[PDB]
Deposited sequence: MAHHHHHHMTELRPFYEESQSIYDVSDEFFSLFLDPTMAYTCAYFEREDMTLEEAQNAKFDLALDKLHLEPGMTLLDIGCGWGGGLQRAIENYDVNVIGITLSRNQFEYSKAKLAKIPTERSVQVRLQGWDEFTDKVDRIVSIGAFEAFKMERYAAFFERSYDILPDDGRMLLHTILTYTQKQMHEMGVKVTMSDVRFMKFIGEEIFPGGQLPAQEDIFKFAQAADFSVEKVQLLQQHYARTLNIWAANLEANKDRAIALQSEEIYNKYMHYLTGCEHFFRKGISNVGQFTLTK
């Protein structure tokens, strides 16, 4: 009967207190065990981009380009035109300015645009950590739009957090405690729908994609979240100064709780190679 500060309300400066310098907010890939967080984030973008079989002169679309680290690796390591789209104004301005400083002989575009608006023809698509925000009632249209803008040899790499069914968690030996259910409720009131592995298969193969590979990075995310949490704790006083002890505690709770979910087996994260 009235109108009444969440983790969403934090500034980009707040995220720089605990993300690596490239501002990746998605699962890293510790290709070597002694990699730093930044090296492992680079390795995760490189892992994704390598699966696209990019050739010189192709155009690459990044759906949900975040703070731009994925397209930075694409511009630096491939001779391709890139288009990045995002619906975040902060990330749009950040990525446009970050990417403008990179030498290139190709075209580079960053747009404030959603996927349901995107009509350009592109040769390859990467989408890292954008799918989690889609509603399942939008899944079909997403894969259809992606399929239609690709050519006949088109490839797409979809990277997304995944959940398990109750039966799967049963068979796997994953016993969900009350603190796990308390945490899933916490995610409701502070963070709506996550796909299972089989869902990506269903909706991608319904849109005439073929699934050629799924790669699961469960324990890489546990390590990613562990490092994020250690960084934020190192920067606690600054985090509380920018925000509040309330917000610092919520973010630490959220990072360490998510870490626990990946470590114990409740959550996973997959890269899906889709071909046309």
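- Unmodelled regions of the deposited sequence, numbered from residue 1: 1 to 13, 18 to 19, 207 to 209.
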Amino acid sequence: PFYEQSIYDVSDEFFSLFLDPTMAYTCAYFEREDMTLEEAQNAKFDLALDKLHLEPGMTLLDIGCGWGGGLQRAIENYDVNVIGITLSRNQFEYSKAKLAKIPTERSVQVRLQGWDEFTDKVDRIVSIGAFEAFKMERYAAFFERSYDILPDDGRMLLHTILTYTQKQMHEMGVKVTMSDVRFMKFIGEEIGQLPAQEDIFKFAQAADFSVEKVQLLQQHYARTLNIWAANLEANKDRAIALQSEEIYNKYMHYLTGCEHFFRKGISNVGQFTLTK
From here on, numbers count along this sequence of modelled residues.
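- Omission of residue 192 is seen in a third or more of the other entries compared for this protein where the adjacent residues are built.
- For the pair 52 to 60 and 217 to 225, the mean Cα B-factor is higher in 52 to 60.
- Looking at mean Cα B-factors across 104 to 112 and 177 to 185, the upper value is held by 177 to 185.
- Taking the deposited Cα B-factors for 212, 233, 208, 31, the highest one is held by 208.
- Comparing the listed residues 141, 157, 85, 99, the entry records the largest Cα B-factor for 141.
- Placement of the Cα temperature factor of residue 161 within the chain: middle third of the modelled residues, per the deposited record.
- Among the modelled residues of its chain, residue 132 has a C-alpha B-factor that falls in the middle third according to the deposited record.
- For residue 246, the recorded CA B-factor ranks within the highest third of the chain. Only modelled residues enter the ranking.
- Among the modelled residues of its chain, residue 167 has a C-alpha B-factor that falls in the highest third according to the deposited record.
- The deposited CA B-factor of residue 152 belongs to the highest third of values across its chain.
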